[PDB]
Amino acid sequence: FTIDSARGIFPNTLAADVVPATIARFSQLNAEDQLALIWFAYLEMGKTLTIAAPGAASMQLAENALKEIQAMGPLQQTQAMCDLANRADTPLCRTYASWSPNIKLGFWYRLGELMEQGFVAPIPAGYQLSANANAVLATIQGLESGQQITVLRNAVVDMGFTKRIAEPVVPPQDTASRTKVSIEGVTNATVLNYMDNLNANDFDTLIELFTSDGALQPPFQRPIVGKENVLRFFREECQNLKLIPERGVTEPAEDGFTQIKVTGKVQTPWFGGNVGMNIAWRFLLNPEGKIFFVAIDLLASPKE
């Protein structure tokens, strides 16, 4: 049994690979078209969904970068934003690249407000997207909201130029206030402990469920391998999620292993209750019940 081989459990699960396909089409585009396109998507999405403000901590970490850009003349400001999209090698891009995903998003959240207010150079008035860019935005607006926000997030995290800065780790939720999840057909203690500890931000307890060499595969990314690496991923990116699993199925695997698939919804704190993402979890447990591998899949539709 290998991690890479474990990637193939439950092969009928239809993942929303329109998300990675759409990101790839986006990445082909001219940098100004990327910027205009996100700007457009945001303004038109923002009419029905309201994004949550970035936390105080994240705002503080982005503040110097946000001030340096605002101080520059209007062309330099547009050049700085193109450099991020083109993944150019500048000091700003290196700083952007060391940020955690929440800070990159908080940074762009704030540039968007300043562009609305007119204090940072906005997208030229009446600008028109290229043929390819219009098709890419057309595709995004046809996606359900959960897939829409995942496309926008991933385009934003990909900017910059490849020390690592993240927000402070929130202390785990006090035990007496923890609700527990219930899953039709799934009484497996490891899976239930997986949801409950993640909903409580109790990463130290969560990581103990994994084998030493175990792996976690977030949506559309390569598996993250080893307790050290998976715990880091928890701490930098998985605070304040809300996991709402609904049903599951349990099957034996090779070597006395067990494979469990659960489907349900997740809410990210950036949108709270206004975007429910349809998610599947695919677990491969070893004979003592440790997680050897868990994949998280953004589902292609609710009919899955």
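When you see a residue number, it is the position in the sequence shown, counting from 1.
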Point to revise | At least a third of other PDB entries omit residue 180 | key: no
Practice item. May I ask whether residue 110 is missing from the deposited models in at least a third of the other compared entries? Key: no
Study note, to complete from the structure: Between residue 162 and residue 163, the number of deposited residues left without coordinates comes to 4 to 9
**Study point:** Given 145-153 and 194-202, the range whose Cα B-factors average higher in the PDB entry
**Key:** 194-202
Review point. Which is higher on average in the deposited entry, the C-alpha temperature factors of 168-176 or of 118-126?
Key: 168-176
Check your understanding: Based on the PDB record, which member of 136, 84, 225, 72 exhibits the highest Cα temperature factor?
Key -> 72
Practice item. Kindly indicate the residue among 33, 68, 246, 44 with the greatest C-alpha B-factor in the PDB record. Key: 68
Revision key, fill the gap. By the entry's values, the third containing the CA B factor of residue 218 is the lowest
Exercise for review: Within this chain's modelled residues, let me know which third the CA B factor of residue 209 belongs to: lowest, middle or highest.
Suggested key: middle
Study note, to complete from the structure: The third of the chain into which the C-alpha temperature factor of residue 64 falls is the highest
Exercise for review: Would you mind ranking residue 53 by its C-alpha B-factor against the rest of the chain and naming the third, lowest, middle or highest?
Suggested key: highest
Practice item. Sort the modelled residues of this chain by their C-alpha B factor and say whether residue 106 lands in the lowest, middle or highest third. Key: middle
